[PDB]
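Notes follow once the structure below has been shown.
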Amino acid sequence: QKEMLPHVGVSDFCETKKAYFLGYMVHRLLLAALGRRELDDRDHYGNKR
Amino acid sequence: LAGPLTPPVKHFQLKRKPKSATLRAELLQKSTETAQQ
Amino acid sequence: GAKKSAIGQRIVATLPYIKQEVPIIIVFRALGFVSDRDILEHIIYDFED
Amino acid sequence: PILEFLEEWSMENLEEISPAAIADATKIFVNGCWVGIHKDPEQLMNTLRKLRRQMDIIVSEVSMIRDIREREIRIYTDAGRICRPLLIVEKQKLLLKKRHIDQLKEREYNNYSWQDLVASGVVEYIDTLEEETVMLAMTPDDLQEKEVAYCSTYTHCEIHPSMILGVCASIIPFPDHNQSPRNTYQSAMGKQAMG
Amino acid sequence: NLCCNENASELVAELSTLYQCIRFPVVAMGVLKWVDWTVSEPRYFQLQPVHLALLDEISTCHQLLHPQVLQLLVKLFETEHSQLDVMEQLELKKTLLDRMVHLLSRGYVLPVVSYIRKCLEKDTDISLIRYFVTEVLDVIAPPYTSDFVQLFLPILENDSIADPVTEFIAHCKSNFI
Amino acid sequence: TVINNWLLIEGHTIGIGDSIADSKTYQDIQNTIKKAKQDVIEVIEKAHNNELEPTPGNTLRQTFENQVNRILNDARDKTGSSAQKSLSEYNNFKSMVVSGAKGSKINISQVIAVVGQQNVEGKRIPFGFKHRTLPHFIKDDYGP
Amino acid sequence: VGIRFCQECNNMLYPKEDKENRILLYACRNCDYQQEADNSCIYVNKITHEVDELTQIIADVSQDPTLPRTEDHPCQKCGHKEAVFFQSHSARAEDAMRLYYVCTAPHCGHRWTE
Amino acid sequence: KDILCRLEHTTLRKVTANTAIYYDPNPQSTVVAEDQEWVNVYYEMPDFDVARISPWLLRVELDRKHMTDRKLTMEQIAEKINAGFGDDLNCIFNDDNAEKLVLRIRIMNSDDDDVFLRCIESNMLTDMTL
Ligand SMILES: [Zn+2]
Ligand SMILES: [Zn+2]
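Residue numbers (the entry's author numbering), protein chains in the order written: chain G, 344 to 392; chain X, 152 to 188; chain S, 246 to 294; chain P, 540 to 734; chain W, 395 to 401, 404 to 444, 449 to 522, 524 to 563, 573 to 587; chain H, 674 to 817; chain U, 12 to 125; chain Z, 1155 to 1265, 1280 to 1298.
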């Protein structure tokens, strides 16, 4: 409820939002497994702050 | 100058012609494609 | 073994404050989603692929 | 305020939808939080660019990036991102007109400032993520001009290429006539000068 | 104009005009020398060729220029290439032997086969020679001549890899001792 | 000692005029460059039309990359040789390279005619952006 | 292969064999609900995996400003001049440099390859 | 290059095109007609299914280009598979002249029953050397 996906929320009903976000994460993992979307680069400066 | 010419000494019958005529046809139709431009 | 390679590649998640990883469907079950069709609906947004 | 704008518009919240329509819609993210989906993403991007260029709801450091191949719109208003100004191009023409330059020439005793060029939506800040979704023009005097067109859709044009240089590398005269290791050497050494 | 343009990528377009101009023999000689100077230059090969088809046309039209084209091709058959991959060199030589087979089709069989037998016994890979004899046995048909078997049979025992082959062996053994 | 004391009487320099070739030389260099650009365009459109066939033991991208690489290499070498032909006897670059005391022929070809192809890891510049080396180019471009 | 969930608890239906009738039966587990399966094939995977990229092409890419646009390849549904051409550039790829073309006309996302 | 072919490690994965666990409990009338024609040619000899055969079919189709490249014939591959697995896999192969290079695998007469075929194909794809 708290330590997993804090930025999504910590409410009682954002568990569904967290579930959709986790589904999106593993969906992109599947897309990388199939290569439908390319792999990300750590040195791509858009991933930096 | 040299009178008529002796044809080449035939050594065989060409049951099929070489593919260079096929290359001639392909290059000719590509030349036609260029002339279309 | 001869059976894990038979079924094929599996997906795990290494959560924070949890030294051991867990499978993803276990996490989806932990979020109150029992219907596997509903779980895939969070992941596979179509069902014609 | 971005979420208020989205609620005002036809942005479908995750909890308010069946999952089945997600494949037939474009995902919307706000600083990495999936908020919902949208049907016509192009209209939403047009509106968002309009409002940022008008500074109505969106301050001009919030970056909006539309990935068509994944059907996603990611919006970032967090700190730590890096951006630069870029002139806006439409119909292969600059939105910067000579009257803007005339207003710039009289800066003192006029109170016309850079913030007016930001307000008029002629120059906008673009970040490195959004740069991926930009077809940029180096210089307007040749590239946007009609020719045997290398490209016919330029959204932005750079103010001047020389601004890619650094603060202590900008002092190099004719840096594009030197081996770039010499440029690094000079950048290091200029900090060591006497003055 | 075509050979002096050198910008020429229009060669594919000028091919029909090139062939009708090649029908003049002196024009064919000029094209032959131009192709010699062009292909003989280093690093000519960066293309998937066309000048060799021009040499095919030249050999097809005029029988008198048969010794010239061979004298060029064998030169190109012995030139060594560094920046070409070894497989690319092998395919280049295969193309050269295809042009040799086209020349052989026009009744210039004996000196070509004599050079082939020479460079066999005197160097080149056995694979290219096997390919050449396969191409020759493709389009050949009976009957034959004494000198043709005299030059083509003795090369035909140093290998045993491949039915036109055994057909030719039977025909020549029965009829051409 | 003796060579330096004579060099005072002789003297040696390097100047802008030592980096100038004939207008004919620049014209020939530009003709070669446009030739190479057009050839690379031919290879690109051939690969686009699935008319480039890969070499043995190499994928199509490797074949295309090797072809365009060698095209740029021999174009650079031809331009460098043409630049070397245009040098005078008093060109201080040729004085310093023929003596071998500094520089090389590649350096003269770089300064006068063509800097040449840049490389990272032994390949051309990679697509740091998605299918683009910089935003100023179009997507899926493989020109020089 | 047609993937199907249980009609009672929405868990995956697993194929099974009935030795009596000898027909594939998509039986659920932890619910013991059974169904008549008909495909006669439980699993297929193309190790060639030369999939059609046109499935993964999305017509909305006509809207991008960065893609190159050709005016020499008219569409087949409306004959529109300007078409956006590009390389798929996925995995299972980097050997096919072929150009996939998308019709740029609005609401005509006709896609093809050459 | 012939000697080179005898050195490079070849496996089933490199030369195979696709695989399919067809159900097919009846060996006589197969679920695929394309299978059924040459199967009637091949199960015309009823051999090692007269006792009994598995009710699962594993139909694998192979690429002709790799087979011609690696100089392989389907018969020696079948012999290698037989050497690998003994009686455990009955392999029935189409004549090596068709458009698709087909091969059916079933289990021994003496015999998981379905997931074990997944184990078989997963093991054979990479670990087996041809
Ligand atoms: Zn169920
Ligand atoms: Zn259309």
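C-beta atoms are modelled at their ideal positions from N, C-alpha and C, and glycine is treated no differently.
Check: Quick one: using the 10 Å Cβ neighbour count with 16 as the cut-off for buried, is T586/P buried or exposed?; Outcome: exposed
Check: Closer than 7 Å to a non-hydrogen atom of ligand 1 - does that hold for the CB of residue 9/U?; Outcome: Residue 9/U lies beyond the residue range present for chain U, which begins at 12 and ends at 125; the question has no answer from this structure.
Check: Any beta-carbon of chain H closer than 8 Å to the one on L675/P?; Outcome: yes
Check: Beta carbon of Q18/U: closer than 7 Å to some heavy atom of ligand 1?; Outcome: yes
Check: Where does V267/S land, buried or exposed, given buried means 16+ other C-beta within 10 angstroms?; Outcome: exposed
Check: Rounded to a whole number of angstroms, what is the C-alpha to C-alpha distance between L348/G and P580/P?; Outcome: 27 Å
Check: Taking 7 Å as the cut-off, does the CB of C357/G come closer than this to any heavy atom belonging to ligand 4?; Outcome: Among the ligands modelled here, namely ligand 1 and ligand 2, ligand 4 does not occur.
Check: Looking at chain Z, is there any beta carbon in it that lies within less than 8 Å of the beta carbon of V62/U?; Outcome: no
Check: Please tell me whether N41/U has its Cβ less than 8 Å away from any Cβ of chain Z.; Outcome: no
Check: Check the Cβ of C622/P against every Cβ in chain G and list those closer than 9 Å, keeping chain order.; Outcome: Near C622/P there are no residues of chain G at all, since even the closest Cβ is about 11 Å away, more than 9 Å.
Check: Buried or exposed for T1227/Z, please, with buried defined as at least 16 other CB atoms from any protein chain shown within 10 angstroms of its CB.; Outcome: exposed
Check: Using a Cβ-Cβ distance under 8 Å, would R379/G count as near chain C?; Outcome: Absent here is chain C; the protein component of the structure consists of chains G, X, S, P, W, H, U and Z.
Check: Would you mind giving the Cβ-Cβ distance between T752/H and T686/H, rounded to the nearest angstrom? I have them listed as a contact below 8 Å.; Outcome: About 26 Å; that fails the 8 Å criterion.
Check: Check the Cβ of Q180/X against every Cβ in chain W and list those closer than 8 Å, keeping chain order.; Outcome: Under the 8 Å cutoff, chain W gives no residues; its nearest Cβ is about 10 Å from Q180/X.
Check: In whole angstroms, give me the CA-to-CA distance for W430/W and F810/H.; Outcome: 40 Å
Check: Find the residues of chain S that neighbour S1183/Z, judging by a C-beta separation of less than 8 Å, and give them in chain order.; Outcome: What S1183/Z touches in chain S: nothing, since even the nearest Cβ is about 29 Å away.
Check: Quick one: which residues of the region 452–464 of chain W get their C-beta closer than 8 Å to a C-beta of chain X? List them in chain order.; Outcome: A453, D456, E457, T460 and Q463
Check: Does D291/S get closer than 8 Å to chain U when you measure Cβ to Cβ?; Outcome: no
Check: Of all Cβ atoms in chain U, is any one closer than 8 Å to the Cβ of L680/H?; Outcome: no
Check: Output, in chain order, the set of chain H residues within a Cβ distance shorter than 7 Å of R439/W.; Outcome: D747
Check: So, with DSSP's three-state summary, where would you put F586/W?; Outcome: coil
Check: Cβ of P727/H less than 8 Å from any chain W Cβ?; Outcome: no
Check: Closer than 9 Å, Cβ to any Cβ of chain W: which residues of the region 710–723 of chain H, in chain order?; Outcome: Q711, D712, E715, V716 and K719
Check: Can you find a heavy atom of ligand 2 that lies under 7 Å from the Cβ of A116/U?; Outcome: yes
Check: Mind checking which residues open and close the beta strand (DSSP E) that includes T1173/Z?; Outcome: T1170 to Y1176
Check: Take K360/G and list the residues in its own chain whose beta-carbon comes closer than 8 Å to its own, dropping the five residues that flank it on each side.; Outcome: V351 and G352
Check: In the DSSP assignment, find the beta strand (DSSP E) that holds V793/H and state where it starts and stops.; Outcome: No beta strand (DSSP E) contains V793/H, which DSSP labels as neither H nor E.
Check: Alpha carbons only, please: which of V784/H, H804/H and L733/H is nearest the one belonging to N717/P?; Outcome: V784/H
Check: How would you call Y648/P, buried or exposed, if buried means at least 16 neighbouring beta carbons within 10 angstroms?; Outcome: exposed
Check: Whose C-beta lies closer than 8 Å to the C-beta of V62/U among residues of the same chain, with five residues either side of it excluded?; Outcome: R103
Check: Measuring only between beta-carbons, confirm whether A153/X sits less than 8 Å from chain W.; Outcome: no
Check: Determine the DSSP secondary structure at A375/G, reduced to helix, strand or coil.; Outcome: helix
Check: Using the Cβ count rule (16 or more neighbours within 10 Å means buried), how would you classify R591/P?; Outcome: buried
Check: Indicate, with yes or no, if ligand 2 has a heavy atom lying under 7 Å from the CB of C690/P.; Outcome: no
Check: Give a single yes or no on whether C1245/Z has its beta carbon closer than 7 Å to a heavy atom of ligand 1.; Outcome: no
Check: Would DSSP call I579/W helix, strand or coil?; Outcome: helix
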